[PDB]
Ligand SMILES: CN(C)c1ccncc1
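Below, in structure tokens: the form deposited without this ligand, a single chain.
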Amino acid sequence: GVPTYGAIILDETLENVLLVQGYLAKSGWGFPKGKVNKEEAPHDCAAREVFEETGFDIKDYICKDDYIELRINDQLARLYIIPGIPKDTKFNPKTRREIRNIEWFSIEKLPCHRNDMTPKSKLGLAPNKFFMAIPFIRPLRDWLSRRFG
């Protein structure tokens, strides 16, 4: 699988993260990210995808060692952590054919796992519109604890 790169953008309080909502298969909420182009550096892919999806240019704020990286079904997804971005920043996708909406969400209210269906004696997980964000939420909480406290 081709690696993806993007960003976890936080506000000035460190309470809120910026999520984007796509369409169709990408219909839920997730961190802005996308597939690396051939020969493109990870930091440049992150800035490009974030700029295409939010209108906000992270290039001056990326810190090379501040990211969370997960391998999900043998695809690497790395999100650079970008704190301190004012909540009144005007975000506007380049591509409204790809992005429905862009919103701030409270970190402490986002789920860090989906719910089972054990109330129904059924296997698996209930749908959750934060499916794509979820895997990063516990690592992000643990990373903000270590880095800030």
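For every residue, the number given is its place in the sequence shown, counted from 1.
- Of the two segments examined, 52-60 and 91-99, it is 91-99 that shows the higher average Cα temperature factor in the deposited entry.
- If you average the C-alpha B-factors over 19-27 and over 5-13, the higher value belongs to 19-27.
- Based on the entry's C-alpha B-factors, the most elevated value among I85, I68, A41, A47 belongs to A41.
- Among the modelled residues of its chain, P32 has a C-alpha B-factor that falls in the lowest third, as given in the PDB entry.
- When the CA B factors of the chain's modelled residues are split into thirds, the value for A77 lands in the middle one.
Absent from the display: the form deposited with this ligand bound. The rest refers to it.
- Taking the partner from elsewhere, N92 is found to have a heavy atom lying within 4.5 Å of this ligand in the bound PDB entry.
- Among heavy atoms of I102, some come within 4.5 Å of this ligand in the bound PDB entry.
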